Amino acid sequence: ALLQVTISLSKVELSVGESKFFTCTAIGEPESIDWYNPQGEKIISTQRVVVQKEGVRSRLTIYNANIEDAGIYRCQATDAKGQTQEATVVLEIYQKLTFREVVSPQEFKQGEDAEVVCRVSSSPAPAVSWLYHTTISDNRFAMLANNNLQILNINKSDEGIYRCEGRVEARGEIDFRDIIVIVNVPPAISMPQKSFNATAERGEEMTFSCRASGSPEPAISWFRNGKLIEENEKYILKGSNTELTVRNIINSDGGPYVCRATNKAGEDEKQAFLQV
Ligand SMILES: *[C@@H]1O[C@H](CO)[C@@H](O)[C@H](O)[C@H]1NC(C)=O
Ligand SMILES: *[C@H]1O[C@H](CO)[C@@H](O)[C@H](O)[C@H]1NC(C)=O
Ligand SMILES: [Ca+2]
């Protein structure tokens, strides 16, 4: 029948930092068109909260909305008569699922107690969850109150990808992250023979096998008497230094040849004895 006011939106809810504008149409012939913050102050223009007034509409733009922004805004018109209609819009500022400062290739040592870390958060407290394939909860895996999952005896097969999924049932909002898990495993030397034997002056020869086990794969360095063993014409090592061949053994070559195997998770050393 008579004067009335409308707004582009009625109920909006945006993340923090998000921006948006609303338009207030005043169907009629208003002399007055004014906005009001949820505090009841007649909005004045600021380059972050801007108010543009044209014709019979009025646009209110909120840039990078913070938390002091939520509330019931009101556009309110007034003609030459005392008639004074208004429309209102409800703004809700919230927090998207954030995953701040969350490193991946997370490394852990074979035996230790691992805690895979996922720093995730949202306005209504997120509902986090850990997946491997697919869910997980096997009396060795458990989610701490801080959202991280722990693995008590992080065996190396445990090594893999883990999804830290998070949902906000209040918004049907979901988002995950995929973390890589690395199981560092100290070196484990393996050499079937640690006691060899050739004949002196005769141009005999002997190869010495030393294999290891670890993640990363261990580096095998040999030592003799007190010096690192280099190749030379005397010794020839091939299989990434897993096979030490001593050429032209005399009497002086008899005795321990020590085998070192190293990685970032420790070291193992075993030696062979060469009898002449
Ligand atoms: C050569 O040395 C090994 C050391 O394990 C020993 O068992 C073996 O008896 C030796 N060979 C001979 C023919 O004695
Ligand atoms: C689990 O698998 C890894 C594979 O590298 C191995 O290191 C570990 O010994 C295994 N543990 C069990 C329970 O068999
Ligand atoms: Ca923006």
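Numbers in chain A come straight from Swiss-Prot, and the residues shown are 19-151, 156-298, in order.
The deposited model was determined using X-ray crystallography, 3.0 Å.
Just so you know, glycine gets a Cβ as well, placed from its N, Cα and C.
Swiss-Prot lists 21-108 with the feature domain 'Ig-like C2-type 1'. Counting residues per DSSP class in helix, strand and coil order gives 3 helix, 50 strand, 35 coil for the domain 'Ig-like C2-type 1' (21-108).
Here Swiss-Prot flags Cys42-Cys93 (among others) as disulfide bond, drawing on a curator's inference.
Residues annotated as disulfide bond in Swiss-Prot, with a curator's inference given as evidence: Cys136-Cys186 (among others). For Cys186 (disulfide bond), the same-chain residues lying six or more positions away in sequence with a CB closer than 8 A to its CB are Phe117, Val120, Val134, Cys136, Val138, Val146, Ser147, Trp148, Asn169, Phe198, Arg199, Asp200, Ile201.
Under the three-state DSSP scheme, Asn177 (N-linked glycosylation site) falls in the coil class. A C-beta separation below 8 Å, combined with a sequence spacing of at least six in one chain, links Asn177 (N-linked glycosylation site) to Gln128, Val205. Residues or ranges marked as N-linked glycosylation site by Swiss-Prot on the basis of sequence analysis: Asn177 (among others).
The domain 'Ig-like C2-type 3' annotation in Swiss-Prot covers 208-297.
Residues or ranges marked as N-linked glycosylation site by Swiss-Prot on the basis of sequence analysis: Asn219 (among others). Listed in sequence order, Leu296, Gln297, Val298 are the same-chain residues at least 6 apart in sequence whose CB falls under 8 Å from the CB of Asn219 (N-linked glycosylation site).
If you look up Swiss-Prot, you'll see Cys232-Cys281 (among others) marked as disulfide bond. Remark: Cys232 (disulfide bond) has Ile211, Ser212, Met213, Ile242, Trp244, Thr264, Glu265, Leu266, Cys281, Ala283, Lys292, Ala294 as non-local neighbours, by Cβ distance under 8 Å and separation of at least 6 in sequence.
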Contacting recorded positions for ligand 2, chosen from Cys42, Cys93, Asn177, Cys186, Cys232, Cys281 when the Cβ sits under 6 angstroms of any of its atoms: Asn177
Euclidean Cα distance (Å) for gap endpoints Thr156 and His151, 4 residues missing: 4
Candidates near ligand 1 among the recorded positions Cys93, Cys136, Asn177, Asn219, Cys281, judged by a Cβ under 6 angstroms: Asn219
